[PDB]
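Understanding the architecture of this molecule
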Amino acid sequence: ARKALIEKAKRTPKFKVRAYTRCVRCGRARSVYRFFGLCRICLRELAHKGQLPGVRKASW
Amino acid sequence: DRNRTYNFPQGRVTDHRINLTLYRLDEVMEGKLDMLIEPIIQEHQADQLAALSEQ
Amino acid sequence: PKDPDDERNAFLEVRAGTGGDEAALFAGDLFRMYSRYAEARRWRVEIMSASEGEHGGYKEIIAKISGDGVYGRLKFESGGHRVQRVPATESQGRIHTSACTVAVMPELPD
Amino acid sequence: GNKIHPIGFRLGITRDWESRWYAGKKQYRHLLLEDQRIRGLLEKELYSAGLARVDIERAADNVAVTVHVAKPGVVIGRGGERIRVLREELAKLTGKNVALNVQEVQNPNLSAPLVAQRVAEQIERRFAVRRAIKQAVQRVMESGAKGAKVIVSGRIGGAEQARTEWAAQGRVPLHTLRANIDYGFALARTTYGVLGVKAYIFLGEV
RNA sequence: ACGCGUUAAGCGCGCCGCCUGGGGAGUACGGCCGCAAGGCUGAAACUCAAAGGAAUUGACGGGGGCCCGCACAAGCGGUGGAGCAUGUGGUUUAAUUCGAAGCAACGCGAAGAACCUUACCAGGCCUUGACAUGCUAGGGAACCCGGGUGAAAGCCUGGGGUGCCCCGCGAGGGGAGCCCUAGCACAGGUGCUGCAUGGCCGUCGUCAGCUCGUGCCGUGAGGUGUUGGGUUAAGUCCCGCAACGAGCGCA
RNA sequence: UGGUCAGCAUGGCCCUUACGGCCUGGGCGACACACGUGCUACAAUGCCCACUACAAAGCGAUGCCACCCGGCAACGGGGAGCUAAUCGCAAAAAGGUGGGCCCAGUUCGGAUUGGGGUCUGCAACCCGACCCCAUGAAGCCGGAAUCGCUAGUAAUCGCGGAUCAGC
RNA sequence: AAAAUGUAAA
RNA sequence: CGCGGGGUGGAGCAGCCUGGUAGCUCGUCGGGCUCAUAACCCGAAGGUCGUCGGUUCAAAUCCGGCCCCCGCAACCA
Ligand SMILES: CN(CC[C@H](N)CC(=O)N[C@H]1C=C[C@H](n2ccc(N)nc2=O)O[C@@H]1C(=O)O)C(=N)N
Ligand SMILES: [Mg+2]
Ligand SMILES: [Mg+2]
Ligand SMILES: [Mg+2]
Ligand SMILES: [Mg+2]
Ligand SMILES: [Mg+2]
Ligand SMILES: [Mg+2]
Ligand SMILES: [Mg+2]
Ligand SMILES: [Mg+2]
Ligand SMILES: [Mg+2]
Ligand SMILES: [Mg+2]
Ligand SMILES: [Mg+2]
Ligand SMILES: [Mg+2]
Ligand SMILES: [Mg+2]
Ligand SMILES: [Mg+2]
Ligand SMILES: [Mg+2]
Ligand SMILES: [Mg+2]
Ligand SMILES: [Mg+2]
Ligand SMILES: [Mg+2]
Ligand SMILES: [Mg+2]
Ligand SMILES: [Mg+2]
Ligand SMILES: [Mg+2]
Ligand SMILES: [Mg+2]
Ligand SMILES: [Mg+2]
Ligand SMILES: [Mg+2]
Ligand SMILES: [Mg+2]
Ligand SMILES: [Mg+2]
Ligand SMILES: [Mg+2]
Ligand SMILES: [Mg+2]
Ligand SMILES: [Mg+2]
Ligand SMILES: [Mg+2]
Ligand SMILES: [Mg+2]
Ligand SMILES: [Mg+2]
Ligand SMILES: [Mg+2]
Ligand SMILES: [Mg+2]
Ligand SMILES: [Mg+2]
Ligand SMILES: [Mg+2]
Ligand SMILES: [Mg+2]
Ligand SMILES: [Mg+2]
Ligand SMILES: [Mg+2]
Ligand SMILES: [Mg+2]
Ligand SMILES: [Mg+2]
Ligand SMILES: [Mg+2]
Ligand SMILES: [Mg+2]
Ligand SMILES: [Mg+2]
Ligand SMILES: [Mg+2]
Ligand SMILES: [Mg+2]
Ligand SMILES: [Mg+2]
Ligand SMILES: [Mg+2]
Ligand SMILES: [Mg+2]
Ligand SMILES: [Mg+2]
Ligand SMILES: [Mg+2]
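As annotated in the PDB entry, chain D is 30S ribosomal protein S3 from Thermus thermophilus. As stated in UniProt under Function, the record for chain D gives "Binds the lower part of the 30S subunit head. Binds mRNA in the 70S ribosome, positioning it for translation (By similarity)." Per UniProt, chain D carries the Sequence similarities text "Belongs to the universal ribosomal protein uS3 family."

The PDB entry annotates chain B as Peptide chain release factor 1 of Escherichia coli.

Some points on the interface of chain B and chain C
When the parts of a complex come together, some accessible area is lost, and that lost area is often taken as the interface size. Facing the 25 residues of chain B at the interface are 24 residues of chain C. Between chain B and chain C, a total of about 2300 Å² is buried, with carbon and sulfur atoms accounting for 55% of that surface. Of all residues in chain B, the largest losses of buried area upon contact with chain C belong to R2, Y6 and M29 of chain B, amounting jointly to 26% of the total for that side. Taken together, the connections running from chain B to chain C amount to 3 salt bridges.

With respect to the arrangement of the chains
By number of contacts, the leading pair among the 2 pairs of chains in contact is chains B and C. Where chain B comes nearest to chain D, the C-alpha atoms are still 16 Å apart, and the two do not contact one another.

Remarks on the packing of aromatic side chains
Under the definition given, this model contains 8 aromatic pairs over all chains. An aromatic cluster is defined as three or more aromatic residues linked by ring pairs; in this entry it consists of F35 and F36 of chain A together with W21 and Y28 of chain D. Between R41 of chain C and the ring centre of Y37 of chain C, over which it is positioned, the NZ or CZ distance is 4.3 Å. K149 of chain D extends its terminal NZ or CZ atom over the ring of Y200 of chain D, reaching a point 4.7 Å from the ring centre.

Reading the values: the criteria
Residues numbered from 1 in each chain as written, not as in the entry; some residues may be left out. Chains lettered and ligands numbered in written order. Part of a larger assembly, values for the part shown. Heavy atoms only, no water. UniProt positions renumbered as here; feature names shortened; annotations may be inferred. Contact = heavy atoms within 4.5 Å. Buried area = accessible area lost by both parts, 1.4 Å probe. Salt bridge = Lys/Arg side-chain N within 4 Å of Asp/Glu carboxyl O. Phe/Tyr/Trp six-rings, centres within 6.5 Å; stacked < 30°, edge-to-face > 60°. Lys NZ or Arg CZ within 6 Å of the ring centre and 35° of its normal.

Next up, the structure:
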């Protein structure tokens with residue numbers, strides 16, 4: 001079971017709790033920022049490529 | 001003569017007496033061995049009951 | 001169709017095969033495989049004796065078994081049990097093979 | 001693996017973003033989710049023309065979408081046609097104005113994801129594998145650059161022990177930031193697995 | 001190859017001794033010698049796909065020299081001891097989901113396990129399915145709606161409708177979506193396999209190193225450069241230098 | 001032959017009214033044990049109490065919610081100001097200052113537990129978090145062993161986001 | 001002066 | 001059977017004489033070091049004492065019957 005559970009988060013099944021944040025590319029229930037709707041790794045790889053606007057290497 | 005052959009770096013079982021290469025290693029090495037224990041005691045129909053059915 | 005022990009009570013020995021340390025190591029592996037058929041079910045199993053293993057487990061072992069079903073659910077394995085593992089006793093990180101002997105001892109008049 | 005990503009190393013340093021726009025809070029999500037999806041057909045369809053790079057931007061709603069390619073005669077279709085049925089298919093899930101200004105790519109020997117896609121399906125379609133790494137870095141070196149590098153991981157020739165192998169020549173300093181570097185990546189599905197191809201054309205300081 | 005080199009291991013002639021794969025084994029049998037201890041002479045069965053010599057590059061050293069890092073020293077607080085929180089082993093269980101394994105696994109994947117998450121168990125339901133392509137076939141339209149029914153899923157079952165397509169005056173052509181089904185390949189699987197792989201990261205390690213080109217040196221593996229004296233955070237320069245340049249590195 | 005097919009991708013193998021799919025209880029939180037990371041203490045260089053001062057960051061129109069009043073309270077109903085160098089979370093705590101303790105398992109310590117309440121979310125038996133009463137436990141400084149850190153660094157203070165209905 | 005050992009698969 | 005000595009944590013030994021008085025070594029389980037195992041370092045766990053009566057206030061200890069380990073005998077002229 002991992003495909004059925006993909007759509008199950010999207011369509012709010014029965015309550016205002018069973019609407020967990022999935023990622024959009026990979027689909028992971030962990031580390032999912034609500035800013036990007038993205039897991040930390042989909043966030044990772046799309047960050048380095050340039051495909052995430054305005055984001056660059058942090059350093060201070 | 002080896003009754004059974006296991007393989008954790010492959011995950012497998014193989015009882016050289018049935019044909020039972022059918023495997024699961026993990027929760028059989030855990031001890032839940034009623035998986036292989038059954039077809040081998042079911043291999044006694046073609047054995048002893050087939051001895052007493054015609055010859 | 002004639003026999004008394006279709007489903008009797010039995011003892012069970014396990015000895016060191018090849019693999020040396022992964023002989024005693026794998027013999028102890030299958031120990032818990034049989035030991036968990038006991039009081040995860042019903043059975044009362046003492047070890048009658050067991051010579052130790054230098055890097056773990058035991059070479060020689062032997063277990064007096066309780067509960068009916070040691071000869072309807074354990075009878076069919078008085079032989080060898082070869083295993084192919086990467087032993088936790090390796091210098092580098094290569095694969096090896098080992099093996100062990102088992103003995104289902106029934107119940108003489110006593 | 002441990003090495004740094006060369007492009008991320010130069011966001012706002014030597015190379016600009018593949019997509020660019022400002023965005024309000026709860027709008028950013030599905031604004032990028034479109035960006036990615038927008039390239040969905042772009043990555044898919046245009047590959048046949050050597051999809052060099054996508055370049056999305058979004059004004060006040062309006063999304064211009066310039067697309068670079070090696071030979072655009074593919075991109076246009078029968079006159080105004082495939083280039084139109086681009087915008088047709090575009091705004092049909094976009095909803096924003098899809099004003100695309102299709103770019104060009106002068107030399108395909110100096111674009112790395114171009115060298116990547118080509119080398120990759122050179123083994124997909126099965127060829128001499130090392131030669132095609134050497135030839136690649138060859139007619140790409142003399143073909144405009146000052147330095148160049150490309151690698152193949154995974155089962156070369158389909159051996160079980162998957163080797164890596166590479167070719168390289170001329171000052172290619174991934175450590176040095178001032179260097180213009182094109183990180184060309186290309187997956188390569190084959191009968192026996194999946195091959196990894198990374199590309200490195202160094203076009204100069206800046 | 002090492003090294004030999006008028007003190008030859010060079011160039012020659014003469015004469016003797018000796019070798020003919022390793023083990024077995026300088027043993028056994030015989031023979032001769034010995035007071036003995038033993039010596040001399042000295043095989044085989046069997047057995048292996050090697051035994052070996054010099055040299056190279058590394059790694060290692062309870063070898064040597066020179067360096068360095070909270071490595072110790074010098075100081076400052078700390079768990080180990082208590083109670084509680086969290087993670088594993090283990091055990092237990094109906095299941096106690098999985099992976100992570102010294103350094104580099106153990107407040108790790110988990111930046112949110114009440115159901116959800118959820119991959120496990122347990123019992124009631126799905127069969128082209130929650131899911132996207134597409135094929136015929138019976139064909140309803142959208143369906144707000146509703147009860148039945150139940151823990152919910154579900155499966156029963158109504159009350160329903162005046163779309164778009166056709167212009168057919170036409171009470172009925174199909175087309176159209178979709179609803180629907182049974183029903184054509186399909187799906188889907190967190191099922192196994194990091195010892196079939198990509199990618200990504202940990203790690204020796206910010207360690208100061210590692211290599212290529214041409215030349216010369218060696219029959220060769222290889223050497224040189226990159227060694228040395230000095231300096232540096234550093235293969236950082238400096239002087240030298242059978243080497244001269246160059247790339248990946250520290251910069 | 002480090003890690004990961006369980007993020008995703010992916011060659012091969014297997015399942016095909018079932019290893020696939022839905023719900024609901026339950027589960028990953030079980031307890032003779034063992035270990036790792038941490039928290040808080042053992043106090044007098046202190047704990048308690050009111051006045052009281054002084055940072056940066058960082059977040060908030062799915063919300064951040066002043067202020068009124070209800071309330072021991074958590075919070076509650078009311079309601080203002082912000083697209084935010086406007087206003088909001090906001091009293092920064094160690095501190096300064098007054099007081100109070102008085103060498104004791106104590107005013108140190110807050111574990112554990114009985115009943116009584118607020119908040120989320122259908123939902124609080126497993127199972128949360130806050131609140132009030134009360135309970136007031138081991139611990140008087142840590143065996144063998146063992147860790148970080150060379151300067152605004154160790155040590156010691158509060159605040160803050162991301163996950164998130166809540167935690 | 002200290003201080004043993006590491007079976008068997010590229 | 002006749003005498004003599006013995007029987008105590010798993011192994012081996014003290015402890016009895018003079019009662020109330022359980023120690024030494026190993027090992028064993030828990031923890032440390034170690035890449036790991038031994039070594040070694042830190043802790044703990046473990047015997048109603050052969051068996052039975054019985055003396056005393058009370059028995060490992062005193063006493064007696066029986067079971068057992070071991071030692072010399074049972075002279076057969
Ligand atoms: C062996 N001798 C023998 C001694 C006598 N003169 C001879 C002899 O035979 N005497 C023996 C005579 C019998 C004796 N005897 C044996 C059994 C018995 N129940 N009672 C006896 O008297 O034991 C004596 C014994 O052998 O010494 C010596 N060394 N002197
Ligand atoms: Mg298990
Ligand atoms: Mg079971
Ligand atoms: Mg019998
Ligand atoms: Mg805008
Ligand atoms: Mg529009
Ligand atoms: Mg051109
Ligand atoms: Mg293609
Ligand atoms: Mg070159
Ligand atoms: Mg492909
Ligand atoms: Mg020479
Ligand atoms: Mg001469
Ligand atoms: Mg010679
Ligand atoms: Mg000779
Ligand atoms: Mg010989
Ligand atoms: Mg000789
Ligand atoms: Mg002869
Ligand atoms: Mg002789
Ligand atoms: Mg120095
Ligand atoms: Mg467990
Ligand atoms: Mg597990
Ligand atoms: Mg948490
Ligand atoms: Mg639950
Ligand atoms: Mg009802
Ligand atoms: Mg139905
Ligand atoms: Mg109807
Ligand atoms: Mg009409
Ligand atoms: Mg009409
Ligand atoms: Mg008409
Ligand atoms: Mg007609
Ligand atoms: Mg293989
Ligand atoms: Mg060379
Ligand atoms: Mg060198
Ligand atoms: Mg030097
Ligand atoms: Mg240099
Ligand atoms: Mg403390
Ligand atoms: Mg005081
Ligand atoms: Mg005072
Ligand atoms: Mg005190
Ligand atoms: Mg006390
Ligand atoms: Mg001590
Ligand atoms: Mg100390
Ligand atoms: Mg060993
Ligand atoms: Mg081999
Ligand atoms: Mg006696
Ligand atoms: Mg004894
Ligand atoms: Mg003594
Ligand atoms: Mg006595
Ligand atoms: Mg006593
Ligand atoms: Mg000491
Ligand atoms: Mg006595
Ligand atoms: Mg006698």
